[PDB]
Visitor: 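For reference, the structure I am asking about is given below.
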Amino acid sequence: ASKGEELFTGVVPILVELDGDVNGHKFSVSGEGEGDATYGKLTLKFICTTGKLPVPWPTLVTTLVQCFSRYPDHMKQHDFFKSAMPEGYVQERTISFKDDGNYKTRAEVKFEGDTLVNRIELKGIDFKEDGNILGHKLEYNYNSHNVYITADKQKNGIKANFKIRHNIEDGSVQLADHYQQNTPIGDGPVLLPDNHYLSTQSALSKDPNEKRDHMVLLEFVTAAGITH
Ligand SMILES: [Mg+2]
């Protein structure tokens, strides 16, 4: 493997903190839960601490810890994400919503003590007033997808590209093209992978006891695409 994967053999508590501005709508989200990379499993509850979320929850799922992906044993030499731990990595994305605006995100993912933390800044521009995002026309659900990873050896890191399809309430789909880059924060060696993908499955729900604007997420992520 890598030395960093030793930090992931058990259940790890997670904290997520996001500050956002989409078209001048300022918001924050705080999340808590845990990850168990042995099973590729994430359980997180997110709360909008500023009030009502000004964009649909599903549009934030990808932004709101791929170090919890399950890498099969035969592929463990391809796990960049854990290899960068505990010092962590910077994750940047451009998320381009077809016929609408874009999110640019910058996150730092690292350990703070025994807790894995994801700190994010999100900026959204050029959204349509009553497009699917600011008009809240997206269903509260989520389709499975693959995250296609490639090495970026000049930057000592990785890139990824994938497509999210958000279901629109009228039966159509809102495409969200994702371009991602990750670079280590520390100077220790990291694993630079062969092309492969992360198979991701996400289920969204609500806490029946929660009155704040929130999202409960159950996610499974498994690396694939390299055989033996
Ligand atoms: Mg302009």
Side-chain angles (χ1 to χ4, degrees), residues 1-16 31-44 46 58 60-93 95 105 107-111 114-120 142-152 156-164 176 178-186 188-204 216-228:
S2 75
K3 316 152 221 96
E5 106 137 62
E6 303 165 13
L7 303 175
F8 290 92
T9 53
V11 174
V12 180
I14 302 166
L15 304 168
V16 182
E32 296 181 27
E34 63 185 35
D36 198 352
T38 295
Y39 311 99
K41 185 177 182 180
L42 294 170
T43 51
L44 291 166
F46 303 99
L60 298 185
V61 170
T62 53
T63 294
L64 290 168
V65 291
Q66 289 172 329
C67 53
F68 289 103
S69 302
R70 187 182 69 81
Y71 275 75
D73 184 75
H74 72 275
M75 289 189 54
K76 68 191 166 296
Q77 70 269 47
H78 300 287
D79 192 345
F80 166 83
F81 306 99
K82 294 184 189 58
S83 78
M85 299 294 166
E87 299 85 358
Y89 54 77
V90 180
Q91 179 165 295
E92 293 162 306
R93 299 211 182 92
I95 303 171
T105 67
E108 296 202 340
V109 183
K110 72 184 285 294
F111 276 92
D114 298 317
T115 296
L116 190 285
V117 174
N118 183 19
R119 286 187 65 143
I120 314 133
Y142 212 86
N143 297 310
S144 74
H145 67 275
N146 297 331
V147 175
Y148 299 96
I149 296 170
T150 197
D152 189 350
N156 200 35
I158 58 165
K159 294 177 152 137
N161 287 275
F162 53 105
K163 290 177 182 259
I164 297 304
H178 285 59
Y179 182 48
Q180 175 183 330
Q181 301 148 252
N182 300 61
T183 166
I185 296 170
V190 295
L191 296 178
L192 300 178
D194 292 345
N195 296 359
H196 69 285
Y197 60 96
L198 311 174
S199 173
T200 304
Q201 300 132 134
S202 315
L204 312 186
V216 177
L217 173 66
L218 171 63
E219 185 161 279
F220 291 98
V221 186
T222 312
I226 297 179
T227 83
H228 51 288

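In what follows, residues are counted from 1 in the order of the sequence shown.
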Visitor: Closest heavy-atom contact between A151 and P193?
Guide: CB-O, 3.4 Å
Visitor: Check whether any side-chain heavy atom of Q66 sits under 4.5 Å from a side-chain heavy atom of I149, and report yes or no.
Guide: no
Visitor: Under a 4.5 Å cut-off applied to non-hydrogen side-chain atoms, are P189 and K3 in contact?
Guide: yes
Visitor: Would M85 and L116 satisfy side chain to side chain contact (heavy atoms under 4.5 Å, CB included), going step by step from the backbone distance to the final call?
Guide: CA-CA 9 Å; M85 299 294 166; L116 190 285; 4.1 Å; yes
Visitor: Roughly how far apart are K159 NZ and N195 CG, rounded to 0.5 Å?
Guide: 12.5 Å
Visitor: Measuring only between side-chain heavy atoms, which start at C-beta, is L44 closer than 4.5 Å to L64?
Guide: no
Visitor: With distance as the sole test, does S83 use its side chain to make a donor-acceptor pair with the main-chain N or O of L191 at under 3.5 Å?
Guide: yes
Visitor: Stepwise, does the side chain to side chain contact (heavy atoms under 4.5 Å, CB included) test hold for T43 with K41?
Guide: CA-CA 7 Å; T43 51; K41 185 177 182 180; 4.1 Å; yes
Visitor: Before you tell me yes or no, could you show the steps for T200 and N146 under side chain to side chain contact (heavy atoms under 4.5 Å, CB included), namely the whole-Å CA-CA distance, both residues' side-chain angles and the distance that decides it to 0.1 Å?
Guide: CA-CA 6 Å; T200 304; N146 297 331; over 6 Å; no
Visitor: CG of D79 to CD of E5: how many Å apart, nearest 0.5 Å?
Guide: 6.5 Å
Visitor: Measuring only between side-chain heavy atoms, which start at C-beta, is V12 closer than 4.5 Å to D114?
Guide: no
Visitor: Drop me the distance from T62's OG1 to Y142's OH, to the nearest 0.5 angstrom.
Guide: 4.5 Å
Visitor: Hey, does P184 have a side-chain heavy atom less than 4.5 Å from the side chain of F80?
Guide: yes
Visitor: Examine distances only and state if a side-chain atom of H178 and a backbone atom of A160 form a donor-acceptor pair shorter than 3.5 Å.
Guide: no
Visitor: Less than 4.5 Å apart, any side-chain heavy atom of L204 and any of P58?
Guide: yes
Visitor: Below 6.0 angstrom between ring centroids: does that apply to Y148 and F162?
Guide: no
Visitor: Just wondering, do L192 and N156 contact through their side chains at under 4.5 Å, heavy atoms?
Guide: yes
Visitor: Taking all heavy atoms of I120 and all of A107, pick out the closest pair and write down the distance.
Guide: CG1-CB, 3.8 Å
Visitor: Does some side-chain heavy atom of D152 sit less than 4.5 Å from a side-chain heavy atom of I158?
Guide: no
Visitor: Do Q201 and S144 pass the side chain to side chain donor-acceptor pair (under 3.5 Å) test, and can you show the C-alpha distance, the side-chain angles, and the key distance before you say yes or no?
Guide: CA-CA 5 Å; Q201 300 132 134; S144 74; over 6 Å; no
Visitor: Write down the atom of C67, the atom of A37, and the distance for their closest heavy-atom approach.
Guide: O-CB, 4.2 Å
Visitor: Would you call the rings of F8 and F68 parallel, tilted or perpendicular, taking 30° and 60° as the class edges?
Guide: perpendicular
Visitor: With rounding to the nearest 0.5 angstrom, report the NZ to CG distance, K82 to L7.
Guide: 10.5 Å
Visitor: Of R93, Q91, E92, which meets side chain to side chain donor-acceptor pair (under 3.5 Å) against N182?
Guide: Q91
Visitor: Under the side-chain contact (heavy atoms from CB on, under 4.5 Å) rule, collect the residues that match up with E32, sequence neighbours excluded.
Guide: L15
Visitor: How would you list, by chain and number, every residue that makes a side-chain contact (heavy atoms from CB on, under 4.5 Å) with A223, sequence neighbours excluded?
Guide: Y71, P72, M75, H196, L198
Visitor: Would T63 and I95 satisfy side chain to side chain contact (heavy atoms under 4.5 Å, CB included), going step by step from the backbone distance to the final call?
Guide: CA-CA 9 Å; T63 294; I95 303 171; 3.7 Å; yes
